[PDB]
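A.B. asks: Sharing a structure with you now.
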Number of protein chains: 4
Amino acid sequence: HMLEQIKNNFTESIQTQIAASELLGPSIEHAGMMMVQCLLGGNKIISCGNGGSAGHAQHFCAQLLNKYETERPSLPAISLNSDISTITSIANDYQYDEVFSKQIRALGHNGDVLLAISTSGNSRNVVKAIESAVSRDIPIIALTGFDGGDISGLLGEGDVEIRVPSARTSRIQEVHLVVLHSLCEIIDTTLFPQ
Amino acid sequence: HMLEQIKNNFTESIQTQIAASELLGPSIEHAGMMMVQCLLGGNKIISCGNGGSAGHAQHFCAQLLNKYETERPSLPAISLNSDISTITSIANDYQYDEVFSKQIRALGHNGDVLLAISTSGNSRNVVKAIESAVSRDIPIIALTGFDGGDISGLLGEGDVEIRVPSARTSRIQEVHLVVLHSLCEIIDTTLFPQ
Amino acid sequence: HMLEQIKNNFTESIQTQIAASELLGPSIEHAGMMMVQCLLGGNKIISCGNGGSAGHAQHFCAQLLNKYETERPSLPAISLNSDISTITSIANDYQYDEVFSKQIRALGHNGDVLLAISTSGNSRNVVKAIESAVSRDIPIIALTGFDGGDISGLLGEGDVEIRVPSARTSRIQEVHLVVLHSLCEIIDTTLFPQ
Amino acid sequence: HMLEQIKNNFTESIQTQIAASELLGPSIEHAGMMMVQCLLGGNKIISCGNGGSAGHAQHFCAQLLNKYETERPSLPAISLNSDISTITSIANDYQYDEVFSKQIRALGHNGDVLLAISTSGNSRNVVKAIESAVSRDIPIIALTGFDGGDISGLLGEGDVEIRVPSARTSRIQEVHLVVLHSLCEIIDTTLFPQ
């Protein structure tokens with residue numbers, strides 16, 4: 001019956017949301033402060049993700065290059081997924097694991113912040129992106145789920161890992177969206193007290 | 001203090017999620033059955049949205065043209081937002097309200113289903129898209145929030161409206177994502193009992 | 001000296017343009033008639049390309065979903081490159097050679113026409129796309145350069161190959177654009193004698 | 001007859017190409033040197049366009065974030081068109097004339113170079129982008145056609161205008177592509193003598 005597995009998705013989401021709130025508090029806070037300090041340093045936030053989680057990465061930087069809730073001037077943010085002709089020209093020219101890493105190598109400045117999103121934490125394009133950013137004195141903000149994948153063993157703490165207590169990609173993406181909206185509010189209320 | 005307004009976003013999300021589950025049950029069910037019947041009719045699902053809600057529209061059709069949880073052959077789905085050179089060539093050539101309506105006029109077939117997403121329910125591009133689809137014997141699945149906007153007064157019931165009980169765009173987008181994932185599971189479990 | 005290698009690019013382009021005109025005449029004609037018959041059959045044109053040649057594929061379908069020179073109703077055309085959340089969700093889920101083939105499997109109808117573009121003729125994503133379309137009674141229009149790559153040995157003639165007499169990717173893309181604009185005019189003048 | 005209007009497009013293209021070569025020599029040279037100096041200053045090239053000319057803007061920066069002919073490290077380049085979730089979130093939030101200007105306001109640095117492309121020279125999104133960049137000590141490289149539109153009366157010469165001697169959008173886009181490929185070679189041969 002459809003209606004009950006509908007409620008299951010809502011039930012499981014809420015349960016994941018709750019567990020996430022009880023656990024990801026401090027990590028999101030630190031990431032927010034890192035973002036606020038980055039934007040105030042004259043730097044930019046770089047975002048990237050995997051699959052439909054790449055829509056979230058674009059969703060974040062779109063909220064910054066524009067506005068979230070508090071009307072404000074555009075804040076410097078870049079998505080690495082948004083560029084099609086580059087990805088299709090790197091993903092092939094002609095291989096896909098370095099689609100994001102090459103963009104960071106060129107655009108990344110000392111003081112920028114990498115917002116890396118990966119539900120599994122095992123997307124090679126996002127991993128190499130993180131590897132790249134580490135090489136350039138660039139803080140990482142990693143949104144993950146599951147165990148954290150190979151992402152975990154790539155971070156000290158100029159970086160933050162936000163690991164969602166869930167093993168379902170759908171539930172991880174849903175929590176990630178809440179996290180992204182929280183950061184936006186944090187950035188908004190801090191930089192533009194309205 | 002950042003950490004408390006973080007929890008607020010989680011609290012408000014959960015509260016919205018709960019209210020949505022208690023109310024949007026039947027509407028999501030009907031939409032699911034309409035989608036399942038559409039795909040079984042040999043037709044396709046057409047999605048479109050506004051802003052970062054346009055990332056959700058692409059997220060859905062990407063879950064279909066590929067896979068959600070159950071591995072399956074690609075299902076016919078199209079996003080109207082995904083096409084850049086068209087939107088930028090309609091949004092200007094040279095005005096933006098008909099970016100989606102013109103795509104439906106050309107691609108839309110009798111039996112297709114329009115997945116229209118709008119947090120405010122007042123995005124003219126999504127409205128005209130719905131107006132267009134009504135003209136072609138095409139069921140509408142409208143994901144909305146707030147009061148439902150002008151979208152509401154455009155639908156009979158070959159169509160469904162799923163209105164999220166919230167007046168915050170962030171909370172509406174978060175619930176919309178849960179709804180989209182539910183439909184994917186509905187489509188998956190129904191068409192491919194795995 | 002910059003100014004002379006500038007003129008070289010213009011000289012080489014013109015020379016390639018000329019050679020192309022003297023040779024690709026009939027092939028472009030046939031492709032045009034195939035497109036016109038496709039659109040008149042109630043079918044759609046499917047386009048795809050590789051790299052910055054993927055911008056051309058989108059450029060074509062944008063000219064159709066909208067208008068070229070003669071103002072007209074939108075014609076049914078789809079680009080496989082335009083969909084980001086799908087490619088990034090196929091390119092990884094999680095491998096890239098079937099990003100286009102899977103989209104054709106789902107969306108492709110009997111009577112549609114595949115506009116496959118590849119400067120080298122050796123892009124696996126475009127090849128498998130062609131392989132896929134052959135399996136579905138779908139004419140191929142292949143824009144190539146060099147020797148034609150592996151694309152050549154995949155076509156009978158419900159299909160057309162348009163091979164640019166050049167071994168430089170830049171010169172091939174430049175000629176391809178002229179070819180695309182010719183087809184647009186052909187479609188425009190034939191279907192809407194204005 | 002189709003075959004003769006095919007040759008007409010080739011004939012007119014070649015004629016436009018020739019006229020362009022005889023006239024746009026110095027302008028392309030200066031733009032190249034400005035780009036080379038920009039990249040050597042530690043700055044980035046910002047590109048934007050209108051419609052299918054927006055595919056060219058992405059095509060250029062993709063050639064830089066990756067490679068053209070000479071294999072090299074990625075060069076810092078950004079397209080303003082590539083970002084979908086932002087444009088759709090600016091184009092509406094909720095109006096379209098400032099989709100590019102807002103991105104320049106946030107990302108634009110002193111020393112960057114704006115590559116503005118417009119066939120008509122009358123696209124308001126590209127105009128305001130130029131207006132924005134002028135306000136920030138940023139050189140403009142404007143690819144235009146026709147009379148140059150309102151773009152012309154917005155430039156001194158820290159900026160360059162490259163006006164194609166043609167009144168046909170198709171012929172202008174074709175010449176623009178040659179110009180873009182010339183600059184790529186200029187940048188390649190100058191910065192990486194291979």
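Letters for chains follow the order of the structure tokens (A, B, ...), residue numbers begin at 1 for each chain, and ligand numbers begin at 1 in the order shown.
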Produce a table with one row for each residue of chain B that has an atom at most 6 Å from any atom of chain A, each row naming the nearest atom pair and its distance in Å at one decimal; use only C-alpha atoms; arrange rows by chain and rising residue number; format as CSV.
C.D. replies:
residue,atom,partner,partner_atom,distance
B:3,CA,A:29,CA,5.7
B:6,CA,A:182,CA,5.5
B:14,CA,A:14,CA,5.8
B:29,CA,A:3,CA,5.7
B:52,CA,A:59,CA,5.0
B:55,CA,A:55,CA,5.0
B:59,CA,A:52,CA,5.0
B:182,CA,A:6,CA,5.5
A.B. asks: Take the residues from that selection and put them in a file with C-alpha atoms, as a PDB file, in the first residue's frame.
C.D. replies:
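Output below, filename out.pdb:
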ATOM      1  CA  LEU B   3      23.959  26.844  17.867  1.00  0.00           C
ATOM      2  CA  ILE B   6      20.688  25.868  14.180  1.00  0.00           C
ATOM      3  CA  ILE B  14      10.675  18.485  12.024  1.00  0.00           C
ATOM      4  CA  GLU B  29      -0.709   8.881  -2.921  1.00  0.00           C
ATOM      5  CA  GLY B  52      16.717  26.347  -5.935  1.00  0.00           C
ATOM      6  CA  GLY B  55      17.290  21.875  -8.426  1.00  0.00           C
ATOM      7  CA  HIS B  59      16.752  15.956  -8.857  1.00  0.00           C
ATOM      8  CA  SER B 182       8.370   9.278  -1.559  1.00  0.00           C
TER       9      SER B 182
END
A.B. asks: Leaving out residue 99 in chain B and any residue of its chain fewer than 6 positions from it, which residues lie within 7 Å of it when counting only C-alpha atoms, given as an mmCIF file with C-alpha atoms, in the first residue's frame?
C.D. replies:
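Below is the file out-v4.cif, written as the result:
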data_model
loop_
_atom_site.group_PDB
_atom_site.id
_atom_site.type_symbol
_atom_site.label_atom_id
_atom_site.label_comp_id
_atom_site.auth_asym_id
_atom_site.auth_seq_id
_atom_site.Cartn_x
_atom_site.Cartn_y
_atom_site.Cartn_z
ATOM 1 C CA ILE B 87 15.987 29.117 -21.096
ATOM 2 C CA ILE B 90 13.716 32.004 -24.290
ATOM 3 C CA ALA B 91 14.032 33.863 -20.962
ATOM 4 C CA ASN B 125 7.099 30.675 -15.351
#
A.B. asks: Using only C-alpha atoms, determine which residues lie at most 9 Å from residue 157 in chain D, disregarding the query and same-chain residues fewer than 4 positions distant; provide the list as a PDB file with N, CA, C and O atoms, in the first residue's frame.
C.D. replies:
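Dumped everything to part-v3.pdb:
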ATOM      1  N   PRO D 139      38.635  45.522 -16.907  1.00  0.00           N
ATOM      2  CA  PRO D 139      38.640  45.588 -18.372  1.00  0.00           C
ATOM      3  C   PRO D 139      37.536  44.746 -19.005  1.00  0.00           C
ATOM      4  O   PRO D 139      37.261  43.641 -18.547  1.00  0.00           O
ATOM      5  N   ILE D 140      36.917  45.280 -20.052  1.00  0.00           N
ATOM      6  CA  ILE D 140      35.877  44.575 -20.788  1.00  0.00           C
ATOM      7  C   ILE D 140      36.381  44.111 -22.146  1.00  0.00           C
ATOM      8  O   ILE D 140      37.040  44.860 -22.859  1.00  0.00           O
ATOM      9  N   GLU D 161      36.406  46.442 -27.901  1.00  0.00           N
ATOM     10  CA  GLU D 161      35.204  45.976 -28.573  1.00  0.00           C
ATOM     11  C   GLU D 161      35.593  45.287 -29.872  1.00  0.00           C
ATOM     12  O   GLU D 161      36.347  45.837 -30.671  1.00  0.00           O
TER      13      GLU D 161
END
A.B. asks: With only C-alpha atoms as the counted atoms, please give the residues lying no more than 6 Å from range 108-123 of chain D, apart from itself and same-chain residues fewer than 4 positions off, as number ranges by chain.
C.D. replies: D: 43-50, 104, 137-145, 148-151, 169
A.B. asks: Using DSSP on the backbone, list every residue of chain A that comes out as alpha helix (DSSP H), and give them as a PyMOL selection string.
C.D. replies: chain A and resi 2-23+25-40+53-64+84-90+101-107+124-134+169-191
A.B. asks: Considering only C-alpha atoms, state which residue in the set A:107, A:39, A:133, A:162 is at the smallest distance from residue 74 in chain A.
C.D. replies: A:39
A.B. asks: What gap, in Å, lies between CA of residue 124 in chain C and CA of residue 95 in chain C?
C.D. replies: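 Taking CA of residue 124 in chain C as the start and CA of residue 95 in chain C as the end point, the length is 11.9 Å.
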